[PDB]
4 protein chains.
Amino acid sequence: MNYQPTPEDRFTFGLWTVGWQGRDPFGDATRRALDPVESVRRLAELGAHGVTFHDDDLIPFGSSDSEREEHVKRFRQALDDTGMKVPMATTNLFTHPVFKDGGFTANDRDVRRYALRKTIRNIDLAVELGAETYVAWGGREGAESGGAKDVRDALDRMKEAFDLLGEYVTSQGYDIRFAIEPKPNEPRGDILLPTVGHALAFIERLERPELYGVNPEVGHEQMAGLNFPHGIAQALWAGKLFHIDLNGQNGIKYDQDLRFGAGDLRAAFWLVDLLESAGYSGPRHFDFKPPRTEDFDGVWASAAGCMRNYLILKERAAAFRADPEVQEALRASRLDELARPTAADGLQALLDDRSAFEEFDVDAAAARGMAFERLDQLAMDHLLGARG
Amino acid sequence: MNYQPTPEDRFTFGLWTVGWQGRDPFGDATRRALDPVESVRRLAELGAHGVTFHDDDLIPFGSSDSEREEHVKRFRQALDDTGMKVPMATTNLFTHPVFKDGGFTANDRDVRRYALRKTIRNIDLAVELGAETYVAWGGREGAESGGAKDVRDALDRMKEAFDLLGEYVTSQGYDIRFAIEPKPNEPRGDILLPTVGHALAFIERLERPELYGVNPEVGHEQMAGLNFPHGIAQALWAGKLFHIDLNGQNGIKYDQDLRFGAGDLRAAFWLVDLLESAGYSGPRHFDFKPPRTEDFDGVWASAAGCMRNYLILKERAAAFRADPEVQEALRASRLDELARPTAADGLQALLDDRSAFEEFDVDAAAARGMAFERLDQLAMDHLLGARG
Amino acid sequence: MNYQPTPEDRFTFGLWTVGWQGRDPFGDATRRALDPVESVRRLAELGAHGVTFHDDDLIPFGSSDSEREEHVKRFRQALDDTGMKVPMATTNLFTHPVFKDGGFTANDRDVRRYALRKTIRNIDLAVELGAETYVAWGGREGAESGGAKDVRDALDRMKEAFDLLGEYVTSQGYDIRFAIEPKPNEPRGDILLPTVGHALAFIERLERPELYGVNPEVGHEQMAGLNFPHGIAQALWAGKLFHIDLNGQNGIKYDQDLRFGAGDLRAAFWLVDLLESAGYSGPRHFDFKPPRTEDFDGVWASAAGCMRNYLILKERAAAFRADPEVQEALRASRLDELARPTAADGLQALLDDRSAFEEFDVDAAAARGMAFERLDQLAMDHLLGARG
Amino acid sequence: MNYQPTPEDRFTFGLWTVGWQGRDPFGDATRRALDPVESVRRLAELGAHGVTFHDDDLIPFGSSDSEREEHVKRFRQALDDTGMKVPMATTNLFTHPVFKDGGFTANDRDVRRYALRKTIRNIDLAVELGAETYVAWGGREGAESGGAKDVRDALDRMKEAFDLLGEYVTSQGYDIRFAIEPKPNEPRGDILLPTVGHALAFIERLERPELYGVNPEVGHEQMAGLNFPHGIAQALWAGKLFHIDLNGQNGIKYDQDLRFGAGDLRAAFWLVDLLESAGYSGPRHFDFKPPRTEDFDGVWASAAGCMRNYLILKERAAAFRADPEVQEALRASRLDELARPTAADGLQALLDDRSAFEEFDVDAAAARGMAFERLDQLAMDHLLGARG
């Protein structure tokens with residue numbers, strides 16, 4: 001009756017996660033670098049399904065086409081020896097000083113062109129490795145001051161970039177879709193497309209909207225004090241949840257990247273409840289950082305905890321929905337009615353329906369209790385395994 | 001060389017603003033109620049262009065069709081005697097206990113139908129009074145707990161409601177457009193369509209998207225720690241800025257509704273700069289609350305301050321853009337290049353362009369300073385009128 | 001193996017909590033008023049230990065000395081019939097319009113004098129009913145603008161008020177201590193003594209510091225994004241934790257007053273762990289509001305949930321500390337060393353200790369892992385009852 | 001009629017400020033390192049009064065006693081050639097991996113002893129260079145998880161450390177005082193002594209409280225959503241404002257370290273108003289970071305802007321207080337009464353004063369307007385130089 005993960009659970013990790021050396025804005029690294037091959041081997045042993053990477057994680061910046069080839073080959077052999085897959089890949093358009101003002105929206109045009117070329121080159125490699133989703137996190141797209149960036153022009157440049165990438169994949173005949181990852185701030189004072197909503201609205205203005213979805217991250221939405229499960233529900237509603245990044249965050253402050261389960265525990269429960277209920281079948285990707293206080297043993301314990309926590313919550317959420325007492329409580333709170341159309345009878349019928357206004361007893365309706373507190377306590381008991 | 005407003009400036013106020021009695025969650029009212037006619041007369045004298053209202057502001061809840069008529073007539077006479085217009089109207093779907101779980105997304109179906117009827121009835125009246133925009137603020141659409149609301153079903157109910165209203169105006173042949181007003185939280189723990197982005201994405205899923213835009217509020221986006229000017233830029237970019245609510249907020253906390261100019265002053269400057277540059281021609285509506293510490297004299301001084309502050313900032317922003325030294329600074333920071341297409345030459349040309357990657361000198365590009373701090377200090381000097 | 005509370009658990013509730021009618025800044029009441037006697041009877045049945053009140057909760061504002069007497073008598077009989085105690089009392093210096101600019105720090109001197117008299121009168125009554133702690137929440141002490149309040153003068157007025165109350169209790173020979181309750185904002189834009197720290201520092205400037213402590217509230221510190229357990233640890237460290245208010249809050253936003261256990265669940269666990277470990281023996285007081293969506297059945301279910309959640313967490317925290325595997329993990333993370341003095345040998349010895357600097361192997365020390373992630377996952381397993 | 005600074009203005013900068021290379025958690029450095037001598041020379045030319053440093057800024061970590069001497073000598077010559085002073089110094093107890101779990105509160109005892117030795121060594125050097133204040137920012141004192149740090153034990157270790165440093169300076173006969181710099185979070189999940197209040201309360205528990213004060217930073221308090229001017233007022237009230245760090249922050253998010261004047265402009269105005277009114281005579285120290293988008297020209301423009309903004313605000317604040325119309329407004333709002341004792345007549349007199357309760361006309365007092373909005377608009381006009 002434990003919680004051991006298997007590749008069937010689709011848990012994935014970025015190379016940059018367990019490979020984070022611990023360098024923060026106020027301190028040097030506390031851990032030596034990991035060879036991508038060792039990370040692949042270590043994660044496979046923990047039960048992971050696959051890994052993800054930024055170009056610069058796999059092939060050091062400025063590498064020769066041959067060195068590049070050696071790096072890819074070694075990586076490939078490790079995937080072969082372990083059965084690990086690579087479901088997603090992304091580009092590093094934030095580390096090098098050249099991207100200090102952005103990649104796709106840098107004020108310098110020559111920088112923008114370079115950003116597009118670097119991305120296109122990695123898209124080819126991502127397809128080669130079997131990736132189905134290509135993520136784009138515009139970490140440097142934004143500003144610290146108001147006159148430094150004209151946002152309308154920036155959005156034109158952002159759209160131009162994404163349309164060109166869409167023109168490329170469709171002309172190469174690749175079966176890869178894009179996922180935009182929003183973040184409200186950090187490293188820039190304010191980042192463009194700050195939340196899942198802004199990203200979703202942006203996509204509807206692209207030439208080929210069908211190729212783009214979102215890759216929301218638990219901590220990012222929480223940095224704006226937003227309800228993550230709700231944001232995900234809207235993304236699923238729009239049919240745009242192509243991928244998802246899981247981790248923990250303790251409120252509005254810098255991006256902590258704690259292991260999944262840490263941070264807002266109740267939000268994690270409602271998240272798992274939703275993903276499992278909605279039948280999300282994409283990867284359960286962890287974009288986290290084992291704290292710099294830890295040594296390598298601590299790194300792997302942190303990675304294992306991510307998966308363990310998701311499995312415990314999945315169990316608790318399933319028991320919650322399957323509890324007949326909860327099913328009756330959901331009806332007591334009228335969740336069944338929320339699912340029924342307000343007016344399937346039509347506009348005219350509604351306007352002619354005296355029970356809807358003229359003869360509506362507003363006071364009687366008002367006095368009805370929603371019974372939400374009883375339902376929420378049942379949810380609490382289930383989460384804590386306190387159903388007596 | 002002062003800052004006196006005239007109806008030409010299009011400043012408008014909600015009846016509920018200067019009419020706020022001062023009742024908060026911890027205290028009773030500190031001011032007597034204002035008769036809507038006195039508010040109209042007082043605002044006209046201050047230089048306002050018009051007023052806005054919720055049905056329940058103009059006609060007390062539960063009023064008879066005749067009493068209702070008397071109220072409307074008196075209101076009309078005042079508009080006639082002062083030349084004040086009514087450019088926007090909205091529905092109160094949050095005050096009465098019956099809307100405790102929402103209006104359009106209440107779990108109770110009968111409540112949802114009642115919400116739609118109450119709105120439709122006020123839409124007729126809004127057209128009668130000359131309103132061009134009908135705002136919808138779903139203040140009660142949301143939840144305090146996770147199992148109380150299935151967000152996918154709620155969004156279906158929300159879409160159903162808006163589609164029906166769109167079917168109504170188009171069948172009556174009204175020339176009125178809708179504007180959704182987002183808010184992240186308060187009075188509900190979490191409100192649906194929490195920011196401008198979520199609202200924009202939602203609109204693209206409606207049957208007739210052209211009838212809907214957004215009505216963003218300065219303080220609402222700031223309650224999520226977001227950059228208001230940026231949110232507005234995206235709304236303008238999408239061509240969805242139908243109306244706008246101005247006020248002040250001091251960070252992430254309860255909705256303060258301070259007078260415009262108060263709160264984040266630099267954000268207000270960049271907001272006015274953008275609205276004036278973009279040629280926004282809609283009303284400059286103030287949705288604020290004169291603090292409960294004030295008597296009536298203080299109320300009008302607060303209302304007058306709203307307009308005064310907008311006029312001072314408009315002047316400073318105009319002087320900023322017109323300063324040749326600022327124009328050269330904008331070029332030094334490459335704002336001119338941000339406005340130029342990244343690749344008007346096309347995909348193939350980009351892929352064949354060696355100057356874009358193979359021969360791109362990343363180090364030389366990286367060493368270029370953006371000169372953003374000099375530009376921002378010029379912006380500061382202009383705002384403070386310290387250009388020496 | 002359930003979680004039923006008994007008066008031995010010292011759980012208490014404010015009359016204003018289960019008695020909250022549901023009126024918020026955007027809506028009317030959804031519940032009828034409760035007679036204080038019914039609340040006492042209902043809470044006793046749930047297993048509560050006692051109740052608390054503001055003067056204005058028990059005796060309506062403006063009541064005659066006789067009516068006042070009738071109210072107190074009825075209240076007394078109910079306490080007698082149920083065995084319920086009244087361990088704390090407080091003053092309402094925030095509701096009436098006269099306190100719009102504060103009570104003890106109102107700019108108007110006559111208001112300040114009135115505030116002191118109203119408090120003194122209720123202190124006599126609190127002693128009469130057996131209260132041991134008198135709480136002071138300066139909800140109106142603060143400002144929305146910078147020039148409205150000179151904070152140095154305000155702090156002089158605040159100190160003057162508290163010193164006078166201290167002079168009163170000591171001259172009447174009462175055995176009652178004061179507890180200041182901080183809150184960062186709401187209803188004022190910014191409230192004086194915004195956090196537990198500011199309150200603690202203030203107390204050290206009073207004439208008789210021994211008579212004053214703090215009454216921290218879970219949600220208040222969380223409104224400033226602070227770690228509640230840490231704030232409590234500092235209050236205990238200083239020996240100033242006289243009382244405590246428990247509830248739930250979901251981050252930085254308006255004061256939600258959710259039932260205890262809701263909001264930040266992990267913070268609640270670490271809070272209970274600390275209170276039980278430290279041997280806190282004061283009341284476990286709930287200052288919450290059953291959401292306005294609920295009817296009376298929902299009110300009592302919410303109140304019962306408060307106590308249930310505290311009892312489940314107490315169990316989980318106890319099992320955590322008692323787990324030998326956790327005890328070894330605490331040693332692996334060097335919590336035992338944190339408890340040992342850094343230099344009991346003294347300054348001179350430290351300066352002459354070459355192993356402390358000259359011969360200190362900084363690299364070897366640096367490479368030691370803290371093992372915090374393993375320890376935190378054990379804490380997680382225990383909380384979720386997932387120890388396999 | 002400009003705003004040129006002179007050493008008389010007491011503006012100081014940390015070497016680490018204009019010397020920040022631009023490395024953030026997501027990117028490499030964008031600027032080459034500055035030699036401390038060039039920074040001293042450059043700042044002197046801008047009109048600065050002096051500089052400050054962390055040991056590790058001046059003498060590279062791991063330097064030999066001789067190399068150390070060469071570094072100090074060169075630094076000294078530059079101070080001599082420019083007339084620049086060094087009013088404050090501090091220790092770097094956060095960068096090196098050995099301090100990953102803290103310096104004074106690290107769980108490892110040997111690390112704590114090493115932290116104390118490193119500090120003591122730099123205290124000697126700070127005195128040698130003429131520093132009057134020694135700052136302590138416990139950037140690594142805290143935790144990411146609840147069981148990793150027992151806060152009561154940590155506070156004992158923190159007190160032990162500070163007492164030992166106090167025993168050292170008093171035994172060496174140094175004329176140097178300490179200033180604790182609070183910060184709520186970053187780089188640790190939660191930092192001990194998170195705000196000015198927690199630091200002030202802590203100091204009162206030290207053996208020799210007179211040797212310790214606070215060194216508040218604009219951005220730090222704003223990271224907890226607190227009112228900076230209010231925090232400063234309380235620190236001045238307690239006589240503990242030994243030093244102050246100025247910069248800009250845009251709300252609750254990562255520590256931006258923008259130049260002074262940027263961020264919350266109105267808060268900066270009220271801050272300068274208070275410091276100048278209170279007669280603060282200590283240094284006006286800038287702890288900021290010129291954004292990584294800038295080259296060296298941009299660095300110096302950013303540094304110059306810090307001082308320019310403080311001088312403009314000082315002018316506007318002075319004109320505000322000197323305006324007879326503002327003086328009358330302050331009386332209209334009863335600021336004069338806030339400054340008068342509530343009860344200089346004493347407790348007994350208050351209790352016998354019928355005008356204070358029995359015969360107090362609460363309704364008449366309640367109806368008095370505070371006139372705060374008019375006063376705040378005058379403050380606004382003055383700030384914007386819009387007094388017509």
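Numbers restart at 1 for each chain; the letters A, B, ... are given by sequence-line order, proteins then strands. Heavy-atom basis, side chains included; hydrogens, waters and symmetry copies ignored.
- Side-chain contact between D/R121 and C/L351 is absent, with no heavy atoms from C-beta onward closer than 4.5 Å.
- For the options D/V362, D/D363, D/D336, D/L375, heavy-atom pairs under 4.5 Å to chain C are most numerous at D/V362.
- Of the atoms belonging to D/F372, heavy atoms from both backbone and side chain fall under 4.5 Å from chain C.
- Interface summary for chain C: among D/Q234, D/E167, D/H230, the most heavy-atom pairs under 4.5 angstrom belong to D/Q234.
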Hey, mind stepping through D/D156 and C/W237 against side chain to side chain contact (heavy atoms under 4.5 Å, CB included) and telling me if it holds?
CA-CA 9 Å; D/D156 285 337; C/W237 186 70; 2.8 Å; yes
Do D/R340 and C/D153 pass the side chain to side chain contact (heavy atoms under 4.5 Å, CB included) test, and can you show the C-alpha distance, the side-chain angles, and the key distance before you say yes or no?
CA-CA 8 Å; D/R340 304 211 284 269; C/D153 291 333; over 6 Å; no
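- Contacts between D/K118 and chain C at a heavy-atom distance below 4.5 Å involve backbone atoms as well as side-chain atoms.
- Note on ring orientation: taking the six-membered ring where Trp is involved, the planes of C/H198 and D/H198 are perpendicular (angle over 60°, cut-offs 30° and 60°).
- Within the 4.5 angstrom heavy-atom criterion, atoms from both the backbone and the side chain of D/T342 approach chain C.
- Note that OH of D/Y114 is 13.0 Å distant from CG of C/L350, once rounded to the nearest 0.5 Å.
- For a residue to count as touching a neighbouring chain, one of its non-hydrogen atoms must lie under 4.5 Å from one of that chain's; by this rule D/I232 does not touch chain C.
- Between the side chain of D/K100 and the backbone N or O of C/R368, at least one donor-acceptor pair lies under 3.5 Å.
- With a 4.5 angstrom heavy-atom cutoff, D/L155 touches chain C via backbone and side-chain atoms both.
- At a 4.5 Å heavy-atom cutoff, the contact between D/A106 and chain C is made by backbone atoms alone.
- Heavy atoms closer than 4.5 Å to chain C are found nowhere in D/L165, neither backbone nor side chain.
- Only the side chain of C/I252 comes within contact range of chain D, judged by heavy atoms closer than 4.5 Å.
- Contact count against chain C (heavy-atom pairs under 4.5 Å) is highest for D/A339 among D/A339, D/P182, D/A365, D/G231.
- For D/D101, the part lying near chain C is the side chain, with the backbone staying farther off; criterion is any non-hydrogen pair under 4.5 Å.
- Taking D/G147, D/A199, D/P97 one by one and counting their heavy-atom pairs under 4.5 Å with chain C, the maximum is reached by D/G147.
- D/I191 contributes atom CD1, which lies 12.0 Å from atom CG of C/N227 (distance to the nearest 0.5 angstrom).
- Looking at C/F99, neither its backbone nor its side chain comes within 4.5 Å of chain D, counting heavy atoms on both sides.
- Neither the backbone nor the side chain of D/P229 has a heavy atom closer than 4.5 Å to any heavy atom of chain C.
- Using a 4.5 Å cut-off between heavy atoms, D/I203 does not touch chain C at all.
- Of all non-hydrogen atoms in D/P184 and C/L226, the two that sit nearest each other are CB-CD2, 4.3 Å.
- Across all their heavy atoms, C/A148 and D/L335 have their closest contact at O-CD1, 3.6 Å.
- Contact of D/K159 with chain C is made through the side chain alone, with heavy-atom distances under 4.5 Å.
- Of the listed residues (D/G142, D/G225, D/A278), the one with the most heavy-atom contacts under 4.5 Å to chain C is D/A278.
- Of the two parts of D/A379, neither the backbone nor the side chain holds a non-hydrogen atom closer than 4.5 Å to a non-hydrogen atom of chain C.
- One N or O on the side chain of D/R205 and one on the backbone of C/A238 form a donor-acceptor pair closer than 3.5 Å.
- No part of C/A235 comes within reach of chain D, as not one of its non-hydrogen atoms sits under 4.5 angstrom from that chain.
- The choice from C/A161, C/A367, C/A224 that makes the most heavy-atom pairs within less than 4.5 Å of chain D is C/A224.
- Side chain of D/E204 to backbone of C/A201: no donor-acceptor contact under 3.5 angstrom is found.
- For D/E160, the part lying under 4.5 angstrom from a heavy atom of chain C is the side chain only.
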Go through it in stages, so that I can follow the logic: the residues are D/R113 and C/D345, the test is side chain to side chain contact (heavy atoms under 4.5 Å, CB included), and I'd like the CA-CA distance, side-chain angles, deciding distance and then a yes or no.
CA-CA 11 Å; D/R113 292 172 70 84; C/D345 55 325; 3.0 Å; yes
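- For the set D/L164, D/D110, D/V151, the entry with the most heavy-atom pairs within less than 4.5 Å of chain C is D/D110.
- Of all the heavy atoms in D/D376 and C/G146, the pair that sits closest is OD1-N, 4.4 Å.
- Both the backbone and the side chain of D/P341 come within contact range of chain C, each with at least one heavy atom under 4.5 Å from a heavy atom of that chain.
- The closest donor-acceptor contact from the side chain of C/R117 to the backbone of D/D353 lies under 3.5 Å.
- With hydrogens and angles disregarded, no donor-acceptor distance shorter than 3.5 Å links the side chain of D/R109 to the backbone of C/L338.
- The nearest pair of heavy atoms linking D/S171 to C/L347 is OG-CD2, 4.5 Å.
- When all heavy atoms are compared, the tightest approach of D/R152 to C/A233 is CG-O, 3.7 Å.
- Looking at D/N107, its side chain does come within 3.5 Å of a backbone N or O of C/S333 through a donor-acceptor pair.
- Ranked by heavy-atom pairs shorter than 4.5 Å toward chain D, the options C/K149, C/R112, C/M370 are led by C/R112.
- By the 4.5 Å heavy-atom criterion applied to side chains, C/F360 and D/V98 are counted as neighbours.
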